[PDB]
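Colleague: Structure provided below as structure tokens; questions to follow.
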Amino acid sequence: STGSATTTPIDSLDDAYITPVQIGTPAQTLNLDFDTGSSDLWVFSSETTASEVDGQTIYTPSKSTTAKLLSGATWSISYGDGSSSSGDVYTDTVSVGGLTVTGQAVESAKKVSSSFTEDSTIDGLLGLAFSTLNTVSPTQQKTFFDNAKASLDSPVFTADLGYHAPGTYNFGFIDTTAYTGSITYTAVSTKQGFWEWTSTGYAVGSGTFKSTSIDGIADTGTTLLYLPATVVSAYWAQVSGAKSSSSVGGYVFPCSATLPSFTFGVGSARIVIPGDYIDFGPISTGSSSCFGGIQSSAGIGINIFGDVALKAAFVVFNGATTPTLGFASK
């Protein structure tokens, strides 16, 4: 089997992407944030504290003839941005782009933190990291990909995120029309539960490529590119007037600037992030200070190849017995 679904930016900045997901019988369609950096499929629901729902579409398990309470199971997750959610668990039928999994754990939120409430466009998350990170207790649950894997034509999914435009998540096949050149594959460590890999270096603009190992995660659920402070300083040094602002929370730059590109290495191959992809617009409405899309990971503990990086590539998440990642230009 295969599946193919379009993923759409939630706003004009590509702050996140939502993909329609069918849950239950009859189908209830929710728009979920596909997140290769976490491993829980959780939704706003009829159980979510009413004051914490503000425009989201909710899953109502009592209206699904295939929903079943997973008795005793609870979940609770915290994300790197400080947001969180928790609740109980149902199993139900879940379909993405024509690919159906029966008995998928659907984690129903009883509580969500303010940032989830405040984003009316995201009805939940669909985790695509390794199932060892799944938070359901006392019986850990599998991701949608893990459940579907054996049925897929090939044990892969691909992320093809658009810049200021829709893109595609495919399951079970590699669309050879969706990328240019060849796909370069690179080794993955699953020891932390992430799609963790080592970039071979970087370049700023037309500058020379610096060969240096950068360990980090391919994370579709993180907006920006978070890299070591040395790398990030070298980037922003090429933008007149750019500075790190403690009050804003990162590098800002004059909105009048033209940003240089940023290249990262995948083996001997190179992925070029155009400068425009690094502009996240005014820090506040009407400001002439703009927020940068490349930020330091120094306070995180891990480097994160988020959407800014991944949207410059066609990315293969290869879930074979030894997982690997593939990157192609497009």
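Only the coordinates and a few stated rules stand behind these numbers; no lab work does. Neighbour counts are summed over all protein chains in view; Cβ atoms, including those assigned to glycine, are modelled from backbone coordinates with ideal geometry.
Colleague: Would you kindly state how much longer the chain becomes between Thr177 and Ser245 on full extension, computed as 0.36 nm times their sequence separation minus their alpha carbon distance, in nm to one decimal?
Modeller: 20.3 nm is the gain from fully extending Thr177 to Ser245.
Colleague: Return the subset of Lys149/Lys191; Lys142/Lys330; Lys142/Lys191; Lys68/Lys149 for which the Cα-Cα distance in this structure is over 27 Å, preserving the input order.
Modeller: Numbers: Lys149/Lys191 20 Å; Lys142/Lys330 31 Å; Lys142/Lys191 17 Å; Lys68/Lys149 23 Å.
Correct reply: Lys142/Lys330.
Colleague: A further question on this structure: Of all the Cα-Cα pairs you can form in segment 55-110, what percent are over 19 Å apart?
Modeller: Numbers: 581 of 1540 pairs.
Looking at segment 55-110, the distances longer than 19 Å represent 38 percent of pairs.
Colleague: I would also like to ask the following. Would you mind working out the magnitude of the charge dipole of the chain relative to its Cα centre, with +1 at each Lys and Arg C-beta and -1 at each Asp and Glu C-beta, to the nearest 20 Debye? If you can, show how the numbers build up before the last one.
Modeller: Values: 12 positive and 26 negative charges, 133 e Å.
Dipole size: approximately 640 debye.
Colleague: How far apart, in nm, are the 7 Å Cα→Cβ label points at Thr29 and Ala187?
Modeller: Label at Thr29, label at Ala187, 4.4 nm between them.
Colleague: Based on the Cα gyration tensor of the chain, what are the three equivalent ellipsoid semi-axes, each the root of five times an eigenvalue, rounded to whole Å and given largest first?
Modeller: Working: eigenvalues 221, 108, 57 Å².
Calculated on Cα positions only, the semi-axes equal 33, 23, 17 Å.
Colleague: Additional query: Given bins 10 angstrom wide, list per bin the percent of all Cα-Cα distances in segment 175-330, short to long.
Modeller: Taking every Cα pair in segment 175-330, the percentages come to 11, 41, 33, 13, 2, 0.
Colleague: Okay, next question. Against the empirical 2.2 N^0.38 Å scaling, what ratio does the C-alpha Rg of segment 272-319 come to? The partial results should precede the final answer.
Modeller: Values: Rg = 13.5 Å, N = 48, 2.2 N^0.38 = 9.6 Å.
Cα Rg divided by the expected 2.2 N^0.38 Å: 1.41.
Colleague: Subtracting the Cα-Cα distance from 0.36 nm times the residue separation, let me have the gained length for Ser284 to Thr74 in nm, one decimal. Could you put the intermediate results ahead of the total?
Modeller: Values: separation 210, 0.36 × 210 = 75.60 nm, distance 3.82 nm.
Stretched out fully, the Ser284 to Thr74 stretch lengthens by 71.8 nm.
Colleague: Under a cut-off of 18 Å between alpha-carbon atoms, report the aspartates and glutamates in cross-link reach of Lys311, not counting same-chain residues fewer than 8 places apart.
Modeller: Those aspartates and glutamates meeting the cut-off are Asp11, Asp14, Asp15, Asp33, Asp35, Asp160, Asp175, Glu196, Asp219, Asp276, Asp279.
Colleague: Also, quick follow-up: Would you mind getting the Kirkwood hydrodynamic radius of segment 106-232 from its Cα pairs, rounded to one decimal in Å? Walk me through the numbers on the way to the answer.
Modeller: Values: mean 1/r = 0.0560 Å⁻¹.
Hydrodynamic radius (Kirkwood, Cα pairs) of segment 106-232 is 17.8 Å.
Colleague: Another question, then. If you bin every alpha carbon distance in segment 5-174 into 5 Å steps from zero, what whole percent lands in each bin?
Modeller: It works out to 2, 9, 18, 23, 22, 16, 7, 2, 0, in whole percents.
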